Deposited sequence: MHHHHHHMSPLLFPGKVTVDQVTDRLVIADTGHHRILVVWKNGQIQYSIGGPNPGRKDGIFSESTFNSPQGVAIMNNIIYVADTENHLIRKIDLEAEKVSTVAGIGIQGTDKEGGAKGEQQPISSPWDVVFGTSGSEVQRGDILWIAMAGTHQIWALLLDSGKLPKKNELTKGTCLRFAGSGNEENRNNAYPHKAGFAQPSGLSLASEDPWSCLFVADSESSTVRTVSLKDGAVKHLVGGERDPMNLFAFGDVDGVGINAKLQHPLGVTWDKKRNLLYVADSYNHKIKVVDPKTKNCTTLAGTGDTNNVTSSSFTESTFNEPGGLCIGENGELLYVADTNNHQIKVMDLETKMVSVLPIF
């Protein structure tokens, strides 16, 4: 109980300042820290709530996904079933989607606080300038979008700012890929990462209950298998810990993905296996990058001898030099140096 963090589920990196944003999930607060670990903002706490307003009165409820661009942070405020907006310039928290209770709507289409949502778990910025917030909607097994400005989703017509709706996923809890996004099926999708550039042009999805990684095309929304699971779209009992190509790889409840555009590699928080995996989206090869699989925590080690404990999220740093891991059940951000192949613990001060 001595770490300043408690079960931190997610971490992201600000691309223009190199700051980190940490969802300190168990303390119901969001941290903004400089890359050396010095805290700049602590927003929320100590108890769960859904209060908006100035920073000192704002509260969250077991938040997960965090995304930052241009001094605005969006929060998958999971247990409130809300998307929240932290405006660092104005030092105000606001609510931009959800009604504060768990929705069952598998389609969406309403604006903002008129639209019920269900256990949002991860968020990333996209571009139809950062005018889309993509949402891993774990509660209804779907990928959703919030329009931050008016714009068009892939193959759709323009929708007004604030529209919040399903993009991919039927709503059935399945491991189902499809040429048409509404006919695909996900199973507790919990991690997203954007690869907007050719030849990828996709969102990568950590599909936790199917133990797979999928791609969702930003050209036409086609949902495709990348690694893990089995062919049967109803089989959610297809987990394990196996390095291999495509369908031969086995994951266990992966909660996070992050795209490394420098190396054209995808890193995966393979949470229940206590490992970080690396996927080459070309060869579809999934191999172990770091983690022995045991949960005896060591604070300094090589990649191969490092340990994690259900890491809930991760994010590549600027220019792909460092990989930050929300090492959830160790209450730490682990810093993986991709040049020295060493793992350390981010100090928080």
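According to the record, no C-alpha positions are given for deposited positions 1-6, 135-139, numbered from 1.
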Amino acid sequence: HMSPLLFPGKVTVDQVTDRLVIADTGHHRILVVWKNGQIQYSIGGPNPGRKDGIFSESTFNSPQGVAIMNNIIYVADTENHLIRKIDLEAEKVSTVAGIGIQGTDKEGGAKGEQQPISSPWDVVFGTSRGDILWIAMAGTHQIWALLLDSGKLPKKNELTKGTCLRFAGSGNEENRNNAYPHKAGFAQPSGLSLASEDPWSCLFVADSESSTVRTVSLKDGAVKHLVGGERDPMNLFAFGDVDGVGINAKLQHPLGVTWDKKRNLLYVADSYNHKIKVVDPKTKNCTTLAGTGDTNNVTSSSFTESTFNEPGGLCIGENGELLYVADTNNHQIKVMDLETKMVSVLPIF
From here on, numbers count along this sequence of modelled residues.
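Taking the mean C-alpha B-factor of each stretch as recorded, 59-67 and 301-309 are not equal, and the higher mean is that of 301-309. Comparing the deposited coordinates for 225-233 and 135-143, the stretch with the larger average C-alpha B-factor is 225-233. Reading the B-factor column for the CA atoms of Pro281, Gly26, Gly291, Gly44 in the entry, the top value corresponds to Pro281. The residue among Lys275, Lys85, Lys262, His253 whose C-alpha atom has the highest B-factor in the PDB entry is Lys262. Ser170: CA B factor in the middle third of modelled residues in this chain (values from the PDB entry). Split the chain's modelled residues into thirds by C-alpha temperature factor. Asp198 is in the highest one. Per the PDB record, residue ranking by Cα B-factor puts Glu79 in the middle third of the chain. Ranked against the other modelled residues of its chain, the C-alpha B-factor of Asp105 as given in the entry falls in the middle third.
Looking at the C-alpha B-factors along this chain, the one for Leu159 belongs to the highest third.
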